[PDB]
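Data block below; observations after.
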Amino acid sequence: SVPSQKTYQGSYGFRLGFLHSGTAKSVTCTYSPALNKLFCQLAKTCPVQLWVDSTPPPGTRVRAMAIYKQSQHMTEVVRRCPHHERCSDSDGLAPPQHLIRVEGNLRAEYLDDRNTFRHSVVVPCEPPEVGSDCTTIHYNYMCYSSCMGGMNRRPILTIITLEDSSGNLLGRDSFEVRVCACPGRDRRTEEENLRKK
Ligand SMILES: OCc1cc(I)c(-n2cccc2)c(I)c1O
Ligand SMILES: [Zn+2]
């Protein structure tokens with residue numbers, strides 16, 4: 001009733017990577033290594049790099065799913081709030097209830113799990129373009145952390161899993177997410193709080 005969040009590189013040495021976008025007031029997405037936490041604006045591009053030490057087999061896929069970070073909320077499905085699920089901002093593929101979308105990939109598939117009711121979005125693994133050493137997926141988060149009746153100020157994690165063609169686990173990584181109006185200021189504030197402690 002709770003998906004695992006244990007980091008697992010697996011046989012292919014799978015792990016995530018993030019750009020270094022800084023903390024200017026205008027930044028739309030920024031990652032804090034000290035907090036392992038991504039800060040982003042609503043419905044803005046979040047580039048997440050995928051790194052491996054060796055090439056996984058054809059048919060390998062990469063799935064993203066959100067869970068609540070606090071244990072007392074972890075069994076609750078993370079979903080969009082009562083406002084955003086009804087705002088008709090569909091891209092034609094993502095169900096309106098799903099918090100996480102993949103941008104610009106027509107092969108993305110959206111799952112409502114028939115047993116857990118949790119949402120996820122999964123894409124095929126594709127090799128890096130010539131001249132690149134990693135592959136990047138562009139995610140969007142479609143509600144604010146503060147949305148009433150949805151996340152309601154509760155922190156979430158995103159779990160990224162590398163899976164075989166049957167859905168079996170090959171690798172796992174994760175990061176906390178805050179969706180907020182000013183990611184640069186919030187990253188600076190939270191990193192300062194961590195330092196003061
Ligand atoms: O052949 C090299 C290579 C192949 C693949 I397929 C991937 N990959 C794409 C999504 C997940 C892993 C990567 I990163 C890579 O470097
Ligand atoms: Zn919302």
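Each chain of the structure tokens is named A, B, ... in the order shown, its residues numbered from 1; ligands are numbered from 1 in display order.
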
Excluding segment 186-193 of chain A and residues on its chain fewer than 2 positions from it, collect all residues at most 7 Å away from it, counting only C-alpha atoms, and give them as a tab-separated table (two decimals) with N, CA and C atoms, in the first residue's frame.
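The file below, result.tsv, is the result:
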chain	number	residue	atom	x	y	z
A	23	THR	N	19.42	30.16	-8.14
A	23	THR	CA	18.32	30.54	-7.26
A	23	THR	C	17.83	31.96	-7.49
A	32	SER	N	18.02	21.36	-5.41
A	32	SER	CA	18.92	21.49	-4.28
A	32	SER	C	19.54	20.14	-3.95
A	39	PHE	N	12.54	22.30	-6.73
A	39	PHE	CA	11.60	23.39	-6.55
A	39	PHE	C	11.18	23.89	-7.92
A	182	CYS	N	7.71	30.82	-6.24
A	182	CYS	CA	9.07	31.36	-6.31
A	182	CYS	C	10.07	30.30	-5.88
A	183	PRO	N	10.41	29.38	-6.79
A	183	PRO	CA	11.36	28.30	-6.44
A	183	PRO	C	12.72	28.79	-6.00
A	184	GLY	N	13.23	29.86	-6.60
A	184	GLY	CA	14.55	30.34	-6.23
A	184	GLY	C	14.61	30.82	-4.79
A	195	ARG	N	21.09	24.86	6.99
A	195	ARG	CA	22.39	25.29	7.49
A	195	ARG	C	22.30	25.74	8.94
A	196	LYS	N	21.26	26.50	9.28
A	196	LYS	CA	21.10	26.97	10.66
A	196	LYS	C	20.88	25.82	11.63
A	197	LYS	N	20.42	24.67	11.16
A	197	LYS	CA	20.28	23.49	12.00
A	197	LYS	C	21.54	22.63	11.92

**Message:** Report as a ChimeraX atom specification all protein, DNA and RNA residues lying within 10 Å of segment 93-99 of chain A, evaluated on only C-alpha atoms, omitting residues in the same chain fewer than 3 positions from it.
**Reply:** /A:43,65-66,78-82,84-90,102-103,106-112,118-121,140-144,150-151

Would you mind exporting the chosen residues as a compact mmCIF listing (two decimals), in the first residue's frame, restricted to C-alpha atoms?
# COMPACT_ATOMS: atom_id res chain seq x y z
CA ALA A 43 3.18 23.44 -15.11
CA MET A 65 5.08 8.43 -9.47
CA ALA A 66 4.45 10.82 -6.58
CA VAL A 78 -1.25 11.99 -4.58
CA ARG A 79 -3.63 13.63 -7.05
CA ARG A 80 -4.55 17.02 -8.41
CA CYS A 81 -6.81 19.20 -6.26
CA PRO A 82 -10.56 19.68 -6.84
CA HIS A 84 -7.07 21.77 -11.05
CA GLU A 85 -8.61 18.41 -11.94
CA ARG A 86 -11.52 20.40 -13.46
CA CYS A 87 -9.67 23.23 -15.23
CA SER A 88 -9.62 21.52 -18.67
CA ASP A 89 -5.88 22.03 -19.20
CA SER A 90 -5.57 18.61 -20.84
CA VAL A 102 5.68 14.12 -19.37
CA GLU A 103 6.11 16.96 -21.85
CA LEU A 106 3.87 11.02 -27.69
CA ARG A 107 4.86 7.56 -26.37
CA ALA A 108 4.15 8.51 -22.76
CA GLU A 109 1.57 6.27 -21.10
CA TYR A 110 -0.51 7.20 -18.07
CA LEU A 111 -1.53 4.51 -15.58
CA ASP A 112 -4.30 4.48 -13.00
CA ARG A 118 -2.05 5.48 -7.71
CA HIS A 119 -1.13 7.47 -10.81
CA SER A 120 2.05 7.20 -12.81
CA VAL A 121 3.48 8.17 -16.18
CA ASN A 140 5.49 19.02 -15.44
CA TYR A 141 3.82 19.22 -12.02
CA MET A 142 0.21 20.29 -12.39
CA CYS A 143 -0.74 21.51 -8.87
CA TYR A 144 0.93 23.68 -6.27
CA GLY A 150 -5.06 18.31 -2.88
CA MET A 151 -1.49 18.25 -1.61

Please check which protein, DNA or RNA residues sit within 12 Å of ligand 1, counting only C-alpha atoms and all ligand atoms, and write them as a PDB file with N, CA and C atoms, in the first residue's frame.
ATOM      1  N   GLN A   9      20.626   1.379  -7.668  1.00  0.00           N
ATOM      2  CA  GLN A   9      21.223   1.575  -8.987  1.00  0.00           C
ATOM      3  C   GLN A   9      20.989   0.384  -9.908  1.00  0.00           C
ATOM      4  N   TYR A  12      22.402  -1.801 -14.196  1.00  0.00           N
ATOM      5  CA  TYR A  12      22.779  -0.827 -15.206  1.00  0.00           C
ATOM      6  C   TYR A  12      23.332   0.468 -14.628  1.00  0.00           C
ATOM      7  N   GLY A  13      23.452   0.578 -13.304  1.00  0.00           N
ATOM      8  CA  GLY A  13      23.992   1.779 -12.685  1.00  0.00           C
ATOM      9  C   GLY A  13      23.096   2.986 -12.884  1.00  0.00           C
ATOM     10  N   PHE A  14      21.795   2.809 -12.665  1.00  0.00           N
ATOM     11  CA  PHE A  14      20.809   3.846 -12.940  1.00  0.00           C
ATOM     12  C   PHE A  14      20.804   4.906 -11.846  1.00  0.00           C
ATOM     13  N   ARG A  15      20.828   6.175 -12.249  1.00  0.00           N
ATOM     14  CA  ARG A  15      20.654   7.267 -11.300  1.00  0.00           C
ATOM     15  C   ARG A  15      20.203   8.522 -12.039  1.00  0.00           C
ATOM     16  N   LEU A  16      19.654   9.464 -11.279  1.00  0.00           N
ATOM     17  CA  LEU A  16      19.170  10.713 -11.850  1.00  0.00           C
ATOM     18  C   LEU A  16      20.263  11.777 -11.857  1.00  0.00           C
ATOM     19  N   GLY A  17      20.020  12.838 -12.624  1.00  0.00           N
ATOM     20  CA  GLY A  17      20.863  14.019 -12.587  1.00  0.00           C
ATOM     21  C   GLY A  17      20.007  15.246 -12.807  1.00  0.00           C
ATOM     22  N   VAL A  48      14.836  16.320 -16.033  1.00  0.00           N
ATOM     23  CA  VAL A  48      15.436  15.303 -15.179  1.00  0.00           C
ATOM     24  C   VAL A  48      16.305  14.413 -16.055  1.00  0.00           C
ATOM     25  N   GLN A  49      17.598  14.353 -15.741  1.00  0.00           N
ATOM     26  CA  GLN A  49      18.516  13.508 -16.489  1.00  0.00           C
ATOM     27  C   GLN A  49      18.481  12.076 -15.979  1.00  0.00           C
ATOM     28  N   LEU A  50      18.628  11.137 -16.905  1.00  0.00           N
ATOM     29  CA  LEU A  50      18.767   9.728 -16.587  1.00  0.00           C
ATOM     30  C   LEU A  50      20.167   9.317 -16.994  1.00  0.00           C
ATOM     31  N   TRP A  51      20.886   8.674 -16.076  1.00  0.00           N
ATOM     32  CA  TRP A  51      22.258   8.241 -16.291  1.00  0.00           C
ATOM     33  C   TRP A  51      22.331   6.748 -16.030  1.00  0.00           C
ATOM     34  N   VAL A  52      23.076   6.035 -16.877  1.00  0.00           N
ATOM     35  CA  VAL A  52      23.357   4.618 -16.669  1.00  0.00           C
ATOM     36  C   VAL A  52      24.827   4.367 -16.966  1.00  0.00           C
ATOM     37  N   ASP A  53      25.355   3.296 -16.375  1.00  0.00           N
ATOM     38  CA  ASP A  53      26.703   2.839 -16.696  1.00  0.00           C
ATOM     39  C   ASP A  53      26.739   1.895 -17.890  1.00  0.00           C
ATOM     40  N   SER A  54      25.634   1.211 -18.174  1.00  0.00           N
ATOM     41  CA  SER A  54      25.549   0.326 -19.327  1.00  0.00           C
ATOM     42  C   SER A  54      24.127   0.362 -19.868  1.00  0.00           C
ATOM     43  N   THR A  55      23.983  -0.015 -21.135  1.00  0.00           N
ATOM     44  CA  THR A  55      22.716   0.171 -21.834  1.00  0.00           C
ATOM     45  C   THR A  55      21.718  -0.908 -21.429  1.00  0.00           C
ATOM     46  N   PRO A  56      20.528  -0.536 -20.965  1.00  0.00           N
ATOM     47  CA  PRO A  56      19.502  -1.542 -20.630  1.00  0.00           C
ATOM     48  C   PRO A  56      18.896  -2.136 -21.889  1.00  0.00           C
ATOM     49  N   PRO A  57      18.211  -3.271 -21.773  1.00  0.00           N
ATOM     50  CA  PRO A  57      17.680  -3.966 -22.960  1.00  0.00           C
ATOM     51  C   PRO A  57      16.589  -3.171 -23.658  1.00  0.00           C
ATOM     52  N   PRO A  58      16.360  -3.445 -24.944  1.00  0.00           N
ATOM     53  CA  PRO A  58      15.206  -2.849 -25.630  1.00  0.00           C
ATOM     54  C   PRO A  58      13.916  -3.204 -24.906  1.00  0.00           C
ATOM     55  N   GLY A  59      13.033  -2.222 -24.776  1.00  0.00           N
ATOM     56  CA  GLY A  59      11.805  -2.405 -24.040  1.00  0.00           C
ATOM     57  C   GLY A  59      11.850  -1.931 -22.604  1.00  0.00           C
ATOM     58  N   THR A  60      13.021  -1.527 -22.113  1.00  0.00           N
ATOM     59  CA  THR A  60      13.102  -0.917 -20.794  1.00  0.00           C
ATOM     60  C   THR A  60      12.351   0.413 -20.799  1.00  0.00           C
ATOM     61  N   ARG A  61      11.708   0.730 -19.672  1.00  0.00           N
ATOM     62  CA  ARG A  61      10.923   1.952 -19.535  1.00  0.00           C
ATOM     63  C   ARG A  61      11.278   2.680 -18.245  1.00  0.00           C
ATOM     64  N   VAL A  62      10.853   3.942 -18.166  1.00  0.00           N
ATOM     65  CA  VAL A  62      11.131   4.809 -17.021  1.00  0.00           C
ATOM     66  C   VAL A  62       9.795   5.364 -16.532  1.00  0.00           C
ATOM     67  N   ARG A  63       9.457   5.090 -15.271  1.00  0.00           N
ATOM     68  CA  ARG A  63       8.174   5.471 -14.690  1.00  0.00           C
ATOM     69  C   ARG A  63       8.387   6.516 -13.601  1.00  0.00           C
ATOM     70  N   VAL A 122       4.755   6.751 -17.687  1.00  0.00           N
ATOM     71  CA  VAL A 122       5.872   5.897 -18.060  1.00  0.00           C
ATOM     72  C   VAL A 122       6.217   6.131 -19.527  1.00  0.00           C
ATOM     73  N   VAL A 123       7.514   6.177 -19.823  1.00  0.00           N
ATOM     74  CA  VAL A 123       7.999   6.378 -21.188  1.00  0.00           C
ATOM     75  C   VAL A 123       9.024   5.313 -21.551  1.00  0.00           C
ATOM     76  N   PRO A 124       9.178   4.990 -22.832  1.00  0.00           N
ATOM     77  CA  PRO A 124      10.251   4.077 -23.234  1.00  0.00           C
ATOM     78  C   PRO A 124      11.613   4.716 -23.047  1.00  0.00           C
ATOM     79  N   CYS A 125      12.589   3.887 -22.698  1.00  0.00           N
ATOM     80  CA  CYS A 125      13.969   4.347 -22.697  1.00  0.00           C
ATOM     81  C   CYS A 125      14.424   4.583 -24.126  1.00  0.00           C
ATOM     82  N   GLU A 126      15.048   5.728 -24.359  1.00  0.00           N
ATOM     83  CA  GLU A 126      15.674   5.973 -25.638  1.00  0.00           C
ATOM     84  C   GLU A 126      17.107   6.409 -25.389  1.00  0.00           C
ATOM     85  N   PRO A 127      18.037   5.998 -26.243  1.00  0.00           N
ATOM     86  CA  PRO A 127      19.446   6.342 -26.044  1.00  0.00           C
ATOM     87  C   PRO A 127      19.662   7.838 -26.173  1.00  0.00           C
ATOM     88  N   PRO A 128      20.731   8.360 -25.576  1.00  0.00           N
ATOM     89  CA  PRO A 128      21.067   9.774 -25.766  1.00  0.00           C
ATOM     90  C   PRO A 128      21.307  10.091 -27.235  1.00  0.00           C
ATOM     91  N   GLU A 129      21.019  11.336 -27.605  1.00  0.00           N
ATOM     92  CA  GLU A 129      21.359  11.800 -28.941  1.00  0.00           C
ATOM     93  C   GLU A 129      22.874  11.807 -29.108  1.00  0.00           C
ATOM     94  N   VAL A 130      23.320  11.689 -30.360  1.00  0.00           N
ATOM     95  CA  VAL A 130      24.749  11.691 -30.639  1.00  0.00           C
ATOM     96  C   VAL A 130      25.366  12.972 -30.098  1.00  0.00           C
ATOM     97  N   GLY A 131      26.434  12.825 -29.318  1.00  0.00           N
ATOM     98  CA  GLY A 131      27.069  13.945 -28.661  1.00  0.00           C
ATOM     99  C   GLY A 131      26.647  14.160 -27.223  1.00  0.00           C
ATOM    100  N   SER A 132      25.655  13.417 -26.738  1.00  0.00           N
ATOM    101  CA  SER A 132      25.197  13.512 -25.360  1.00  0.00           C
ATOM    102  C   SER A 132      25.527  12.229 -24.609  1.00  0.00           C
ATOM    103  N   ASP A 133      25.687  12.354 -23.295  1.00  0.00           N
ATOM    104  CA  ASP A 133      26.012  11.219 -22.445  1.00  0.00           C
ATOM    105  C   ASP A 133      24.849  10.760 -21.580  1.00  0.00           C
ATOM    106  N   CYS A 134      23.723  11.460 -21.611  1.00  0.00           N
ATOM    107  CA  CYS A 134      22.564  11.085 -20.820  1.00  0.00           C
ATOM    108  C   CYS A 134      21.311  11.418 -21.614  1.00  0.00           C
ATOM    109  N   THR A 135      20.185  10.918 -21.130  1.00  0.00           N
ATOM    110  CA  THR A 135      18.880  11.204 -21.696  1.00  0.00           C
ATOM    111  C   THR A 135      18.131  12.065 -20.691  1.00  0.00           C
ATOM    112  N   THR A 136      17.347  13.023 -21.178  1.00  0.00           N
ATOM    113  CA  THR A 136      16.593  13.925 -20.317  1.00  0.00           C
ATOM    114  C   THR A 136      15.105  13.733 -20.571  1.00  0.00           C
ATOM    115  N   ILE A 137      14.334  13.610 -19.491  1.00  0.00           N
ATOM    116  CA  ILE A 137      12.875  13.613 -19.551  1.00  0.00           C
ATOM    117  C   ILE A 137      12.406  14.956 -19.010  1.00  0.00           C
ATOM    118  N   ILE A 160      11.354   7.692  -9.320  1.00  0.00           N
ATOM    119  CA  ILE A 160      11.629   7.344 -10.709  1.00  0.00           C
ATOM    120  C   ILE A 160      12.152   5.919 -10.738  1.00  0.00           C
ATOM    121  N   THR A 161      11.463   5.046 -11.465  1.00  0.00           N
ATOM    122  CA  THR A 161      11.849   3.647 -11.544  1.00  0.00           C
ATOM    123  C   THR A 161      12.217   3.280 -12.973  1.00  0.00           C
ATOM    124  N   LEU A 162      13.320   2.557 -13.117  1.00  0.00           N
ATOM    125  CA  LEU A 162      13.663   1.905 -14.370  1.00  0.00           C
ATOM    126  C   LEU A 162      13.064   0.506 -14.318  1.00  0.00           C
ATOM    127  N   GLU A 163      12.313   0.128 -15.352  1.00  0.00           N
ATOM    128  CA  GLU A 163      11.560  -1.122 -15.339  1.00  0.00           C
ATOM    129  C   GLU A 163      11.805  -1.911 -16.617  1.00  0.00           C
ATOM    130  N   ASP A 164      11.727  -3.241 -16.520  1.00  0.00           N
ATOM    131  CA  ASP A 164      11.764  -4.045 -17.735  1.00  0.00           C
ATOM    132  C   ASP A 164      10.406  -4.008 -18.437  1.00  0.00           C
ATOM    133  N   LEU A 170      14.228  -2.549 -12.220  1.00  0.00           N
ATOM    134  CA  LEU A 170      15.639  -2.572 -12.588  1.00  0.00           C
ATOM    135  C   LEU A 170      16.481  -1.525 -11.873  1.00  0.00           C
ATOM    136  N   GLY A 171      15.868  -0.434 -11.423  1.00  0.00           N
ATOM    137  CA  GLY A 171      16.572   0.652 -10.773  1.00  0.00           C
ATOM    138  C   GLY A 171      15.561   1.630 -10.221  1.00  0.00           C
ATOM    139  N   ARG A 172      15.996   2.402  -9.224  1.00  0.00           N
ATOM    140  CA  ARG A 172      15.104   3.357  -8.569  1.00  0.00           C
ATOM    141  C   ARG A 172      15.899   4.529  -8.015  1.00  0.00           C
TER     142      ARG A 172
END

**Request:** Taking the DSSP assignment computed from this structure's backbone, write out as a ChimeraX atom specification all residues of segment 5-193 of chain A that belong to strand (DSSP E).
**Result:** /A:15-17,29-32,37-40,46-51,61-68,100-102,109-112,119-124,135-141,156-163,169-179

**Asked** Rounded to one decimal in Å, what is the spacing between atom CA of residue 44 of chain A and atom CA of residue 28 of chain A?
**Response**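 Separation between atom CA of residue 44 of chain A and atom CA of residue 28 of chain A: 6.8 Å.
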